[PDB]
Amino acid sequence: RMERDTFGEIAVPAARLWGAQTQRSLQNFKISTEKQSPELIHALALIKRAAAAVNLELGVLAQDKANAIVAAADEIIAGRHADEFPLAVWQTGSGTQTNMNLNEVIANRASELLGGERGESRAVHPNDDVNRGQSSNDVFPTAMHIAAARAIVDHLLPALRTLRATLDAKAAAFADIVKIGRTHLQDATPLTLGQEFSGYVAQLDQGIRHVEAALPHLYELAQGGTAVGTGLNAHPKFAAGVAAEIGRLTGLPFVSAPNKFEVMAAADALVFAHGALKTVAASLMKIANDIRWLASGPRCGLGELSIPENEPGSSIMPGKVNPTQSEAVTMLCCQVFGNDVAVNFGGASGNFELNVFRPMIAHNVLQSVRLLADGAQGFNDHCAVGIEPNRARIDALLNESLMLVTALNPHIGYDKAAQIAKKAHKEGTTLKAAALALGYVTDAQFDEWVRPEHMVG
């Protein structure tokens, strides 16, 4: 069919629900392959849903149009129009082209829901009805905040809490397994496997609190600032009304931003939220790395842990288990670190009344949230829940090390203890063998005095 905009008319495939402007600009920006995320499209649709409800309640929009717009927005949110959003991330820096994409798709679909047709005859107008009371300039920042906040609360925090619960159950189960510490990669003072795991659990607790610290600023919505922040041409109740309705729809305490200029001229809440995300990435990197190192072998590595084997091995290559989950996590943590830089450059580069690096900022923040959430969940399900200690190997490393010699200090003094360690080292023997050789400690004394289970605090 032919759709129309202020430049004229243009053919749009009958099967598609977008209009003139989307079609026109689907030719101006063949840049790469990244498109707006479903999360972001859904957040935009939620704003359109909320605006229709509020505009109905205020008496400025007819009920039939309002209801059809709400129903169309709900279909988008339910995932039923996956193919109607074809535009690139690399577009207008305000996200205008994508705002128009929502307006046109919702107008065409709402028109069908009213018994009408797609295209120039439609009863619902993209700008005058779907976009009523809004500007591209205040809609897109609003959608960024909503998309990021909901992804954090509904996807990331629960995944982190699940992994935390698992590692804490493992910590409890491993509380009595004494192992050799490693500092600088070198044999060190003992601790329990449970204590080491309790570190990971605490890192997750800290990360969860840091991420939560990003929410209050994200909850502040630009909607109602209109073109430049002043609220010119907005209905006086729209800002508060839309924010309350978004709150009702999401279950989260969204509020109208106390300073519209700040949340339009800048995307600082996304910069800060991403700072929290890269803190989680640093923790997950460490956790994932420790686990793959501790499970390395089966015979020329550390060998302290066994992990589940996800993908089929060789039969000739037992018990070679590649730590695929740790590799996926460590890779995505690198991606989060890169994404932070892209967000930072964009966030820093606002000019005057509007930051126009927005589609890129949103693309990165939402990707980072998905990566960390799915990564934590997958690592939980396919690795962490099945971690097992190799108890004999752990205990052999512990007792064949040189590190337990400090237990002898009270009983024979530092110098003789040091003398035994040096001799075991030089000769390739156990501490016990060297201690017996020097005549400094009987077999029975060694066993009574050298108790790893008493050396862990």
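The numbering used is simple: start at 1 and walk along the sequence shown.
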{"item": "Greater mean Cα temperature factor according to the PDB record, 306 to 314 or 108 to 116", "value": "306 to 314"}
{"item": "Stretch with the higher entry mean CA B-factor, where the candidates are 424 to 432 and 35 to 43", "value": "424 to 432"}
{"item": "Top Cα B factor in the deposited entry, candidates 363, 320, 182, 209", "value": "320"}
{"item": "C-alpha B-factor winner, where the candidates are 54, 405, 69, 394", "value": "405"}
{"item": "Position of residue 301 among the chain's modelled residues by C-alpha B-factor, lowest, middle or highest third", "value": "middle"}
{"item": "Where the record places residue 80 (Cα B-factor, split into thirds across the chain)", "value": "highest"}
{"item": "Chain thirds of CA B-factor: placement of residue 292", "value": "lowest"}
{"item": "Cα B factor band for residue 283 (lowest, middle or highest third within the chain)", "value": "lowest"}
{"item": "Chain thirds of CA B-factor: placement of residue 231", "value": "middle"}
